[PDB]
Amino acid sequence: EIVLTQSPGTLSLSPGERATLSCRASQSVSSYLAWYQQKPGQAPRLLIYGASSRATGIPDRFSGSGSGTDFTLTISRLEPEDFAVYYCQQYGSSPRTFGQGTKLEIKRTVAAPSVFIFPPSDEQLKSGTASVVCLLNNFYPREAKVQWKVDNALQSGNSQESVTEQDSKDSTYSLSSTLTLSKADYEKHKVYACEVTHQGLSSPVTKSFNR
Amino acid sequence: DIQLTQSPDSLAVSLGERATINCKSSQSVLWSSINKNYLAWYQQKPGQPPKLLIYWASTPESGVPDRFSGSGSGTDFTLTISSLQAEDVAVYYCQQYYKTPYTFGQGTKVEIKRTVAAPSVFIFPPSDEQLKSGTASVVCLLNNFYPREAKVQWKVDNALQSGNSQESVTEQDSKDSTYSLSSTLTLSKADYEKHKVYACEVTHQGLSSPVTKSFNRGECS
Amino acid sequence: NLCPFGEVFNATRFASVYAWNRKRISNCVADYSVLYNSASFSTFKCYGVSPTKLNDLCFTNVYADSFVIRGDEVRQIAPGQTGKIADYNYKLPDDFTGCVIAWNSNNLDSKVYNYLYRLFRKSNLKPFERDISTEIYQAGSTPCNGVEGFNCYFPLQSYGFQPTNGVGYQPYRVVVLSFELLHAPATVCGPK
Amino acid sequence: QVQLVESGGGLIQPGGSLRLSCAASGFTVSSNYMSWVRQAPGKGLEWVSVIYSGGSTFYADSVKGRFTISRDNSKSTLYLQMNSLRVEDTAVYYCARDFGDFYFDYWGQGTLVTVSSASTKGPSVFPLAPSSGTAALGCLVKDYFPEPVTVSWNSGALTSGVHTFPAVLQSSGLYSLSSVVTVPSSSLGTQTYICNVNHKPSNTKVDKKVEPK
Amino acid sequence: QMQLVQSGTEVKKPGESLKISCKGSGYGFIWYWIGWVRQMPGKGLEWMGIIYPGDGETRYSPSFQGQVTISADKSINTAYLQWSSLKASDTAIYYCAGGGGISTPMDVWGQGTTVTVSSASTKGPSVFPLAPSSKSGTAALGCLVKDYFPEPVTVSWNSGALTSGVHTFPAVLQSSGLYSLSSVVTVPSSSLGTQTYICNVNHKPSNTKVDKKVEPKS
Ligand SMILES: *[C@@H]1O[C@H](CO)[C@@H](O)[C@H](O)[C@H]1NC(C)=O
């Protein structure tokens, strides 16, 4: 088996810049390399074959180079939709193998999150479980700190977070943190607050409600 | 999984006579493009690895004496040893190599046939040195007999024993074509000293009536 | 009156496997020993007959098939095998009686190359079939009118023989000896 | 124009069997190499099997003896039979047109194969009501298995401002998900907002209306 | 002509792993396919499998497909037969053979490798006399070699001088897991008062050497 190593694992650039991705081979494969692009929730698309020939329908800003053990993919003049995971595949020997990929996100101006809090439904509350939801809408960069505080007591271990992939026109992220509790534990406190720390906020933003 | 069955399992031929061994194939082993049957005959003498005697069912391997011949086709093949000699005593196998997996015959034992020779029977009581250990071994010896088939029965105080005896047979002697046999009766020392008469009774084709060799425990001259 | 096995094995240049060469050998005495106890070869696989009786058996005709392939594909030159070479370039019959002799040819056929193999075919080849078509391969229902394009590919492909490659990618020269026996007088025999 | 559309993904117990189909358009499947390439959740691409133009078949070591690739020329379809699935085989399987056992120039949309002993469970949909500029509302789709869940807003008429989050696997062994929308706070009394949730593994279709409390 | 040589005798306990060797020497090992033959004590030949050392092509019997493994190293011209967990079932002699191709007979044979797989452990024999009966023309005497493991033992008479009339029987496997043997000799009974008959028993696995004198009882 021949391993393909891609570098870097992830790369972040602004639109209009150049992206250079490297694929290195366990043994030499002699221009028998292909490049694929995979956007979230979609299938891979053939970008480059023969390490240097461009597939049909692919814009000229994609270019392939290299041979032997060293290969390079260059995407010029980045467009907010050119952002996806890029895979190198070798067809020198059997079995054919892929690299883990290089994820390429887009760089944009810092955007503060908008914070909303949702108390548990009455309908779910009749069931025995309360779910408190905190939403951070349209922020950048991805790094954000979300803290659940119940009557100003910091909660731990009963929350789960989910982040969207980059919105493909305005390049923001959004995040959901859900705090799940029994109805007995839920009706044992009064104030439920969600505190958000992010680079785009001068000080943390707290959104709270009373039961 | 082509199967091969040879017949007979055993064969007794006198010096200078003819030995015939048939091998029947479950399926045909004729390679129609080359028009040759992919069948082989091997000889294995006691204690030695098999030797290739004949390939392509009839072509003798280099150095094999002319008295060996191969015959047959389709599903029926025969190995023929004309003028059997004492060095030809072995087990003969037919093997198919038309297709993988290769398969062997069950084997054909070839011994020399000679005039009937009665065994000479001897009986050995357990040594005093062995009795100190806790187990007694009585030995019966049948020396220089043919044919190989012989019946040996142990009697302790005229009571027939069962399940406590083991037999051993030599290979055919290469000069007089006789066999010899050992029957070992193993007992506790208590059961050995609960009886007096120990007898080994031999039935063989060369004896007019059964021969009994006995001793009395603790008897002397 | 020896048979010209040297012209085959010691040939200056070898054919590509899609257009494999065949030399017919007849009315001659074949001394296989000058060929068979050379240890030069890397693979010497025989099927239905052993070389140790070849110097001393007889056949109507003998065929020597010459070509060049890769290491990964020398295993495909055998009966009951599957793969690009066995299916689209050179196929041996299941009842094949002969030998496949292959040796590494990196010194001679690898440069810091010209050999090709068939990449596309709708149906596998029958045993001992030779396809030298350069017709454009039609992968769709639209005809191709003889130019490469969408759903129409060139059926052949070049080997990338470079000396720095791994042992599997190096060029190997392969000779297949087939022994033809029919209902006719035998014309190729050994010293015996 | 080339089209590859897949069929047959679903939940299956370990040791069970499943058959994936890939209907093909725009080329003749009987004269082309075709392959099945799987992708584990959150992992890379793994080539699984290939069928040659001449009918020859090849498989990867992880699936040999269990997977069988096949083709129907009278239905223009590619099939993958699996027979003895393990939980490590859980992945999205992609149908791909193969250029001579070299590279994959056209791909299908993929179908998801989940191998788990867990039972199918339908989701429960709850409202996330708007607060007392811009306001946010949404729907919480909780306690379902397996994936996926498809959510719309107003039967596809509302697409601007919507964020449906990836599912998170609770410690229950079940999945939960939220989809939210950003709308003018003028609108809440006037406009009616309904989320349409569809979980086909459970045959569940819920149209849940959310409004301020 | 080509020549095969195999590895030495093996004695193992059940559950152990084992790998036996067969090395080829000669003119044209290049085209030789190496097969493996099992022969259990007193039974016929069973074909196990075949390998081509040049590229490692291997074929197995369905009876042996999944629980042995046949390997080869072309650099030393050696074939290998391997078990990962031995059973008592596997006690046999294993022959490596060679033929000049697939669907060819096996011209070349190795000497064989004896494999004994038993729960027993090494024990020296105990040697007892089978004394001549108290009748002195022809007499029979012998040695009983009991309770030893593993095979083999060598028995000689008069330090190798006595050979005519000697019958050393094949060893027998007792239910104890140990072996027993007897060697007898017929001699004139003139001799019995004059000549002293000593049997020498050698068991190399346990480094046991025993000389036992055989005389009539007193
Ligand atoms: C082929 O060339 C080799 C190497 O020079 C030589 O040893 C061999 O004799 C040649 N064969 C013939 C038939 O001339």
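Chain B has the name eCR3022.20 Fab light chain in the PDB entry, where Homo sapiens is given as its organism. The deposited PDB record carries the title "Crystal structure of SARS-CoV-2 receptor binding domain in complex with antibodies eCR3022.20 and CC12.3".

Chain A carries the name CC12.3 Fab light chain in the PDB entry, which gives Homo sapiens as its organism.

**Q** Sorry, what's going on with the overall build of chain A here?
**A** Each helix and strand in chain A was counted, giving 2 helices and 19 strands. Here chain A has a C-alpha radius of gyration of 23 Å; the compact-globule value for 211 residues is 17 Å, and the former is much larger. Projecting the C-alpha coordinates of chain A onto the three principal axes gives extents of approximately 70 × 35 × 25 Å. By the burial criterion, 48% of the 211 residues in chain A qualify as buried. Long-range pairs, those at least 24 residues apart, make up 58% of the contacts in chain A between residues at least 6 apart in sequence. Counting only carbon and sulfur atoms, one obtains 45% of the accessible surface of chain A, whose full area is about 9,500 Å². Averaging the coordinates of the 21 positive side-chain charges in chain A and doing the same for the 19 negative ones gives two points 1 Å apart.

**Q** Explain the overall build of chain B to me, please; I cannot follow it from the model alone.
**A** When helices and strands are tallied, chain B shows 2 helices and 21 strands. In summary, chain B has a C-alpha radius of gyration of 24 Å against a globular reference of 17 Å for 221 residues, an excess of more than 25%. With the C-alpha coordinates of chain B rotated into their principal frame, the extents come out at 80 × 35 × 25 Å. Looking at chain B as a whole, 48% of its 221 residues qualify as buried. Contacts in chain B between residues at least 24 apart in sequence constitute 58% of all its contacts with a sequence separation of at least 6. Taken together, the 20 basic and 21 acidic charged side chains of chain B have centroids lying 1 Å from each other.

**Q** Can you help me understand the sheet that holds strand β3 (residues 43-47) of chain C in this one?
**A** Across a sheet, strands are paired by hydrogen bonds formed along the backbone, either parallel or antiparallel in direction. Residue and element names in this part refer to chain C. In space, the 5 strands of this open sheet follow the order β1-β5-β11-β6-β3, with antiparallel pairing throughout. The outermost strands of the open sheet, each flanked by one partner alone, are β1 (21-25) and β3. When the angles between neighbouring strand axes are averaged without regard to direction, this sheet yields 15 degrees. Bridge analysis of β1 against strand β5 (residues 61-70) gives 5 bridges, and the strand direction is antiparallel.

**Q** Would you mind going over the packing of aromatic side chains with me for this structure?
**A** Centre distance and the angle of the planes are the two values used to describe a pair of aromatic rings. In this structure the tally under the stated criterion is 63 aromatic pairs over all chains. Between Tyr115(C) and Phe161(C), the ring centres sit 6.3 Å apart and the planes meet at 65 degrees, which makes this aromatic pair edge-to-face. One end of the pair, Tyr115(C), is in the loop between α4 (106-109) and β7 (116-118); the other, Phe161(C), is in the loop between β10 (156-158) and β11 (171-180), and 46 residues separate them in sequence. Taking relative accessible area as the criterion, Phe161(C) reaches 1% and is therefore assigned buried. Of the aromatic side chains, those joined through ring pairs into one cluster are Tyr32(A), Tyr49(A), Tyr91(A), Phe120(C), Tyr137(C), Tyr153(C), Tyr33(D), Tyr52(D), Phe58(D), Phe99(D), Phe102(D) and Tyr103(D).

**Q** How should the interface of chain C and chain E be read in this particular structure?
**A** Accessible area lost upon the coming together of the parts is a frequently used measure of interface size. On the chain E side, the residues contacting the 16 residues of chain C number 17 residues. In total, about 1,300 Å² of surface goes out of reach between chain C and chain E, with carbon and sulfur atoms giving 55% of it. For chain C, the biggest contributors to the area lost against chain E are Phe44(C), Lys45(C) and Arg75(C); these three give 36% of the whole. Viewed at the interface, chain E and chain C are joined by 2 salt bridges. A salt bridge links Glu57(E) to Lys45(C); the nearest nitrogen and oxygen atoms lie 2.3 Å apart.

**Q** Even after reading the chapter, I still don't get the pairing of strand β13 (residues 138-148) of chain E, so can you show me in this structure?
**A** Put simply, side chains in a regular strand alternate between the two faces of the sheet. Residue and element names in this part refer to chain E. Of all the 11 residues making up β13, 9 are buried; the element is thus mostly covered by neighbouring parts of the structure. Sheet topology note: the strand β12 (residues 126-130)/β13 ladder contains 5 bridges and is antiparallel. When the sheet's bridge partners are listed, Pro129 is paired in β13 with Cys143.

**Q** What should I look at first to understand the environment of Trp33(E) in this one?
**A** Looking at the secondary structure, you find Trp33(E) in strand β4 (residues 33-39). Exposure remark for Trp33(E): the relative accessible area of 1% places this residue in the buried category. For the pair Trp33(E) and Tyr52(E), spaced 19 residues apart in sequence, the C-alpha to C-alpha distance is 4.7 Å. Sequence-distant contacts of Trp33(E), defined by excluding residues within four places in its chain, comprise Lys45(C), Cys46(C), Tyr47(C), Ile50(E), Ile51(E), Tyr52(E), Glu57(E), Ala97(E), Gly98(E), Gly99(E), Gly101(E) and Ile102(E).

**Q** Got a minute to help me understand the side chain of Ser31(D) in this structure?
**A** With respect to the helices and strands, the residue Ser31(D) is situated in the loop between β3 (19-25) and β4 (33-39). Setting aside anything within four residues of it in sequence, one finds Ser31(D) in contact with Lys122(C), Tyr137(C), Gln138(C) and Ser53(D).

**Q** Would you mind showing me how to read the nonpolar core here?
**A** Counting 178 residues, the largest nonpolar core has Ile77(C), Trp36(D) and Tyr93(D) as the members making the most contacts within it. In contact with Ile77(C), other than residues within four places in its own chain, are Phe67(C), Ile69(C), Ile85(C), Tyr90(C), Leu92(C), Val100(C), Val174(C) and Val176(C). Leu53(B), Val64(B), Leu79(B) and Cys94(B) belong to the second largest nonpolar core, which has 25 residues in total.

**Q** Help me understand the arrangement of the chains in this model?
**A** Taking C-alpha atoms as the reference, chain A and chain E come no closer than 17 Å and do not contact one another. The smallest C-alpha distance separating chain D from chain E is 14 Å, and no contact links them.

**Q** How do you make sense of the interface of chain B and chain E when you look at a structure like this?
**A** Taken together, the contact pairs 40 residues of chain B with 43 residues of chain E. Both faces considered, chain B and chain E share a buried interface measuring about 3,500 Å² in area, 65% of it formed by carbon and sulfur atoms. Among the residues of chain B in contact with chain E, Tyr102(B), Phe104(B) and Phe124(B) are the three that bury the most area, contributing 19% of the side total. Linking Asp128(B) and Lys217(E) is a salt bridge whose minimum nitrogen-to-oxygen distance equals 3.8 Å. Those elements giving two or more residues to the side of chain B that touches chain E turn out to be β6 (39-44), β7 (51-55), β14 (120-124), α1 (128-131), β15 (135-145), β18 (165-169) and β19 (179-188) of chain B. Top contributing element to the side of chain B that touches chain E by residue count: β15(B), with 5 residues. Of the residues assigned to the side of chain B that touches chain E, the class counts are 20 nonpolar, 15 polar and 5 charged.

**Q** Could you clarify how one ought to interpret the state of the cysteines in this entry?
**A** Where two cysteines share a covalent bond between their sulfur atoms, that bond is called a disulfide. Residues and elements named next belong to chain E. Across all of its chains, the model carries 12 disulfides over all chains by this definition. There is a disulfide in this structure between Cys22 and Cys96, and the S-S distance comes to 2.0 Å. Handedness of the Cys22-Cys96 disulfide follows from its S-S torsion of about 50 degrees: it is right-handed. A residue pair is termed long-range when its members are at least 10 positions apart, and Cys22 in strand β3 (residues 18-25) and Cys96 in strand β9 (residues 92-99) qualify at 74 residues. Comparing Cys22 with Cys96 shows no difference in burial state: the two are buried. For chain B, numbering the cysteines in disulfides from first to last along the sequence yields the connectivity 1-2, 3-4. Here chain A pairs its bonded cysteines, counted in sequence order, in the arrangement 1-2, 3-4.

**Q** It is not clear to me how the domain arrangement of chain A should be interpreted in this structure. Could you clarify?
**A** All names here are of chain A. Here the domain parsing of chain A yields domain 1 (4-106) and domain 2 (114-210). Taking the mean C-alpha position of each, domain 1 and domain 2 sit 38 Å from one another. Between domain 1 and domain 2, the contact holds 6 residues from the first and 6 residues from the second. At the boundary of domain 1 with domain 2, total buried surface from both sides reaches about 490 Å², with 41% on carbon and sulfur atoms.

Thresholds applied
- Residues numbered from 1 in each chain as written, not as in the entry; some residues may be left out.
- Chains lettered and ligands numbered in written order.
- Heavy atoms only, no water.
- Helix = DSSP H or I, 4+ residues; strand = E, 2+ residues; numbered from the N terminus.
- Rg over C-alpha atoms; globule rule 2.2 N^0.38 Å.
- Buried < 20%, exposed > 50% of the residue type's maximum accessible area, 1.4 Å probe, protein only.
- Contact = heavy atoms within 4.5 Å.
- Areas by Shrake-Rupley, 256 points an atom, 1.4 Å probe, with all protein chains shown as cover.
- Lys, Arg positive; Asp, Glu negative; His and termini not counted.
- Charge placed at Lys NZ, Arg CZ, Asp CG, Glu CD.
- Pairing = 2+ DSSP bridges.
- Axes fitted to C-alpha atoms, helices over the stretch in contact; angles between N-to-C directions.
- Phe/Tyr/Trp six-rings, centres within 6.5 Å; stacked < 30°, edge-to-face > 60°.
- Buried area = accessible area lost by both parts, 1.4 Å probe.
- Salt bridge = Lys/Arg side-chain N within 4 Å of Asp/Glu carboxyl O.
- Core = buried A, V, L, I, M, F, W, Y, C linked by side-chain atoms within 4.5 Å.
- Nonpolar A, V, L, I, M, F, W, Y, C, P; charged D, E, K, R; others polar.
- Disulfide = S-S within 2.5 Å.
- Domains from an automatic or database assignment.

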